[PDB]
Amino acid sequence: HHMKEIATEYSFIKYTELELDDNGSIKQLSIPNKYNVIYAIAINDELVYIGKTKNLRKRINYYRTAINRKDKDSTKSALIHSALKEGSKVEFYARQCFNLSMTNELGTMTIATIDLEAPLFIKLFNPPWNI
């Protein structure tokens, strides 16, 4: 699946493209954060993964460092690093989701719509990295 066509149709915005610095480590982000999104990982404009997260910058930090964390499954982190070393384009796209809550005499029940959309998107696109 070509990313740019999925982006237009399902309202994903390009959030960032990862780049290696002078010494081969992934440059950290210095752009505004996004919360409660479905994210798509694209390699060379091909959709490879559909994810969900409450904090996009935090998630991307995780992908940035996962394979280097001795204290800690970091396969996706490994693949992102490998792809960057070969010179492939790695991008994160984000689709904005929401929180819905109802408060009755039982208290508050909340639903993060990312929880609903992730499975539908994964079934819809069958991304390679989604197993």
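The numbering used is simple: start at 1 and walk along the sequence shown.
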**OP:** Please say, as none, 1 to 3, 4 to 9, or 10 or more, how many residues of the deposited sequence are without coordinates in the interval between residue 72 and residue 73.
**Re:** 1 to 3
Original post:
Between 30 to 38 and 48 to 56, which has the higher average C-alpha B-factor in the PDB entry?
Top reply: 30 to 38
**OP:** Taking the mean of the C-alpha B-factors per stretch from the entry, tell me the winner out of 57 to 65 and 81 to 89.
**Re:** 81 to 89
Original post:
Say you rank 20, 13, 114, 120 by Cα B-factor from the PDB entry; which sits at the top?
Top reply: 20
Original post:
C-alpha B factor of residue 126, ranked within the chain: lowest, middle or highest third?
Top reply: highest
Subject >> Chain-wide C-alpha B factor ranking for residue 101, given as lowest, middle or highest third >> reply: highest
